[PDB]
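Report on one structure; see the data block that follows.
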Amino acid sequence: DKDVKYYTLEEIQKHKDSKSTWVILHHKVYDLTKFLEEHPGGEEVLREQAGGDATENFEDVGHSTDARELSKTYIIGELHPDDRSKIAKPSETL
Ligand code: HEM
């Protein structure tokens, strides 16, 4: 309802295909479907992971303050509170 868009891991994991490039960057779900080409860094790097923990890759690069605010402009919602209370630890990677 209501609030933000609390999406579950599995749901977000569907959103990586053809044309719904979601990513989760620090507990927050961003649709970047219309940002792919705009991204001063490119579509592919975005589309590589998609529907999942692009936090790792995002923070590897670190990203500027600008990008952080610009994330908010693309914010659709958050990780479902269920998993949020228990971010039992990702199997990892890359
Ligand atoms: C909320 C989503 C994101 C936003 C709003 C965003 C925004 C930006 C912005 C503004 C820059 C410019 C950096 C600069 O001026 O130095 C940038 C660069 C870049 N981003 Fe992102 N980004 C996002 C997610 C990602 C993710 C998840 C990846 C990796 C999978 C990625 C990889 C890169 C890379 C590699 C560059 C720089 C490439 C180069 O060296 O020229 N970004 N991003």
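Residue positions begin at 1 at the first shown residue.
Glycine is treated like the rest: Cβ placed from N, Cα and C.
Over in Swiss-Prot, the protein carries these features:
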MOD_RES   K2  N6-acetyllysine
DOMAIN    4-80  domain 'Cytochrome b5 heme-binding'
MOD_RES   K5  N6-acetyllysine
MOD_RES   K14  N6-acetyllysine
BINDING   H39, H63  heme binding site
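Mapped onto this structure are the features recorded in Swiss-Prot.
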residue: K2; record: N6-acetyllysine; DSSP class: coil
residue: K14; record: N6-acetyllysine; DSSP class: helix
residue: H39; record: heme binding site; DSSP class: coil
residue: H63; record: heme binding site; DSSP class: coil
Do me a favour and check the Cα-Cα span between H63 (heme binding site) and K14 (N6-acetyllysine); whole Å is fine.
26
Pop the Cα-Cα gap between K5 (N6-acetyllysine) and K14 (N6-acetyllysine) into the table, whole Å please.
15
Can you grab the distance from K2 (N6-acetyllysine) over to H39 (heme binding site)? Cα atoms, rounded to a whole Å.
30
Of all the recorded positions given, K2, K5, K14, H39, which has the fewest Cβ neighbours within 10 Å once its own Cβ is left out?
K2
Counting across all protein chains present, how many other Cβ atoms fall within 10 Å of the Cβ of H63 (heme binding site)?
14
